[PDB]
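Heads up, the sequence shown is in the authors' numbering, so the first residue is 6 and it goes up one at a time.
Using N, Cα and C, we set each Cβ at its ideal position, and we do this for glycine too.
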Amino acid sequence: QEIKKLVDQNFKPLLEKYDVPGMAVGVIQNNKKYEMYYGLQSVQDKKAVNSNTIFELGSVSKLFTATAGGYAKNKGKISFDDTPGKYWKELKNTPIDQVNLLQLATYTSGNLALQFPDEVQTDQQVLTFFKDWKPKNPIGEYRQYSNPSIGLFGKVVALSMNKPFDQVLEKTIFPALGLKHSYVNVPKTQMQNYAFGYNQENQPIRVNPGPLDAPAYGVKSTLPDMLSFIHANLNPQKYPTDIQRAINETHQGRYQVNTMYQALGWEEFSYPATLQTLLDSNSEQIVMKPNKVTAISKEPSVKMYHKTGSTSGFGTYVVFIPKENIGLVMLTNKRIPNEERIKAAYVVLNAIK
Ligand SMILES: *[B]([O])([O])[C]([C]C1=[C][C]=[C]C(C([O])=O)=[C]1)[N]C(=O)[C]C1=[C][C]=[C]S1
C-alpha cells in the first residue's frame, strides 16, 4: 500500500511544525486497519507511542455520550421528546424541564455556553446551576456548542439506565463496541500506558476533574480502540442489535447550519465535501458563537461524518465515509490547530482513490 507513505507525507511534518511529542494515526479501509506511530508518549521517560498508548479524546468523548443515548432510546429507557425532570426528579417546572433530551444533545436550549462557570464544581453546584437557567433565544432555533448541554443529556441518559455515567460506558457501551482499553477512569494497571499531554509551554499535564466532565470530554482511548469504533460506525450490521440501533441513531441528521448537518455527537456532511466545508464546521463562527439553525432541506445521498476534540494537553480527530468504506483517526499529545487536523485527513482519504 501507499497508506503508510501518504500518512508520512501529511501527518508526520506536523510534529516538527507544532513541537508535538507524539502522534498515532490510524486508517481503516475495506476492513483492513493501518496504524502509524510517531514519537513519544512521555518526553521525560523516552517512552515511544505504540498501540498500548492511552490518549485523552476531549470532545470526541461526545460521540460515546451520543451512542449511549442512542442505546437508551432503543432499550425504551428514554425518549428524545422527554425532558430531564422525568429522570432528574429534582428539576421539574424549572425553565429547563421545558427543553427536550434531543435539544440538550444537539446544543439548542438557546442559552447554554461552551463551559460551566469556574465556580461550578460539586454535584450540589451543578444541580443548583440548571434551576436558575432562563431562555434567551427561542428554544430550538439557535445552535451554540456546549459542554453543560450534552453533559446534562449524559447524566439523564445515565439516570435512565440506573447507573452512574462511567459504568454505562465501561460496563455497557465499551464492551458492546468491542473496545478493550477505553476508559472514563484509567485504572492503576494501565497508568504506565497513559500518555502525558503537553501544554503550549511543553509541560506535561493530564485532564483536571470538572463538572459533568465524563460525558462532555472525559474518555481516554488507544489507536486500536478508536479504529474499532470507526469500524463499528462504518458497519453497524455486524454488531449486537442494541448497539447497531444506537449507532444508526447517531448518524441521523437533525438540522442544518449551512453545509453542516448536526447529528447526535457527529457532524454530518454531503460527500464529496470540499475542504472548506469541513473547515467551516470548526470556524469561530460555528464553534464559539450562536447560529440560527434550519431544517434539513437537501437530504444528502452519500454522507461523511467527523468530529474534533481537545483537552488542554491532547488533540483528536475522527472522520469516516460509509460508502468508500474508509475512515481515519488522529491522536496527539499536544493540541494542534483543528484546521491542520482536518486538512491532512482530507488529503489522505482522497488519495486512497
Ligand atoms: B471539545 O474539545 O470541543 C471541548 C471544547 C473545546 C476546547 C478547546 C478547543 C476547542 C475547539 O477549537 O474546537 C473546543 N473541550 C473541553 O472542554 C476540554 C478543554 C480543552 C481545552 C480547554 S478545556
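Sequence-distant residues of its chain with Cβ nearer than 7 Å to residue i (five each side left out)
i	result
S165	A77, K82, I83, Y92
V307	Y276, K328
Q103	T88
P245	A181
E345	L19
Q120	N152
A200	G27, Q46, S47, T58, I59, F60, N338
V191	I59, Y199, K225
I178	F69, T72, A73, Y76
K52	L45, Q46
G90	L96, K97, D102
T282	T264, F274
Residue closest to residue i, alpha-carbon to alpha-carbon, out of the options
i	options	result
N204	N338, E21, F60, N287	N338
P214	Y39, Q126, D230, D50	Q126
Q261	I347, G156, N296, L232	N296
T111	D137, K67, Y39, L217	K67
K185	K22, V65, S56	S56
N207	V224, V25, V12	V25
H256	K51, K38, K10, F69	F69
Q14	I252, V353, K358	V353
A300	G332, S64, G258	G258
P209	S154, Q49, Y23, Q34	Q49
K9	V212, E40, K243	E40
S154	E175, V131, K176, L283	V131
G202	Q34, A118, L336	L336
Inter-residue CB distance, residue i and residue j (contact presumed, cutoff 8 Å)
i	j	result
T113	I144	7 Å
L20	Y42	Not a contact, Cβ separation roughly 11 Å.
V298	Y150	The Cβ separation is near 12 Å, so there is no contact.
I248	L182	7 Å
residue 364	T58	Outside the modelled stretch of the chain, which goes from 6 to 358, sits residue 364, for which no answer is possible.
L45	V54	7 Å
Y188	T316	Contact doesn't hold; Cβ gap of about 14 Å is too wide.
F319	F60	6 Å
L333	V65	Going by Cβ atoms, the distance from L333 to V65 rounds to 13 Å, so no, they are not a contact pair.
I357	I331	6 Å
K136	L96	7 Å
Exposure label - residue i; buried when at least 16 CB within 10 Å
i	result
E304	exposed
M28	buried
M293	exposed
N287	buried
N36	exposed
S302	exposed
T227	buried
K225	buried
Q267	buried
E7	exposed
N355	exposed
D230	buried
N238	buried
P241	buried
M196	exposed
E272	buried
Close Cβ partners of residue i (< 8 Å) along its chain, the five nearest in sequence each way excluded
i	result
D285	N263, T264, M265, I291
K139	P100, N116
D86	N105, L106, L107
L280	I347, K348, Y351
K141	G115, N116
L11	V352, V353, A356, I357
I252	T72, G75, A237, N238, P241, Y244
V161	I83, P89, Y92, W93, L106, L109
Close beta carbons around residue i, own chain, < 6 Å, minus the five adjacent residues each side
i	result
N343	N287, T313
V173	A73, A163, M166
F170	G159, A163, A219, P220
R250	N79
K38	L232
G156	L217, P220, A221
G270	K67, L68, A71, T255
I326	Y276, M309
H311	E272, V324
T133	none
Can you check the region 47–96 for any alpha helix (DSSP H) of at least 4 residues that lies completely inside it and give the ranges in chain order? Counting whole runs of 4 or more residues, the region 47–96 contains the alpha helix (DSSP H) stretches 66–79.
Whole beta strand (DSSP E) elements within the region 224–295, 3-residue minimum: 260–262, 265–267, 272–275
Run through the region 199–227 for me and flag every whole alpha helix (DSSP H) of 4 or more residues, listed as ranges in chain order. 218–222
At 3 residues or longer, and completely inside the region 11–36: list those beta strand (DSSP E) runs for me, N to C. Complete beta strand (DSSP E) runs here, min 3: 27–34.
Completely contained alpha helix (DSSP H) runs for the region 109–172, where each covers 4 or more residues: Scanning the region 109–172 from its first residue to its last, the whole alpha helix (DSSP H) runs of 4-plus residues come out as 128–136, 152–165.
3 or more residues per run - each beta strand (DSSP E) lying fully within the region 291–325: Unbroken beta strand (DSSP E) runs of no fewer than 3 residues, entirely contained in the region 291–325, are found at 308–315, following chain order.
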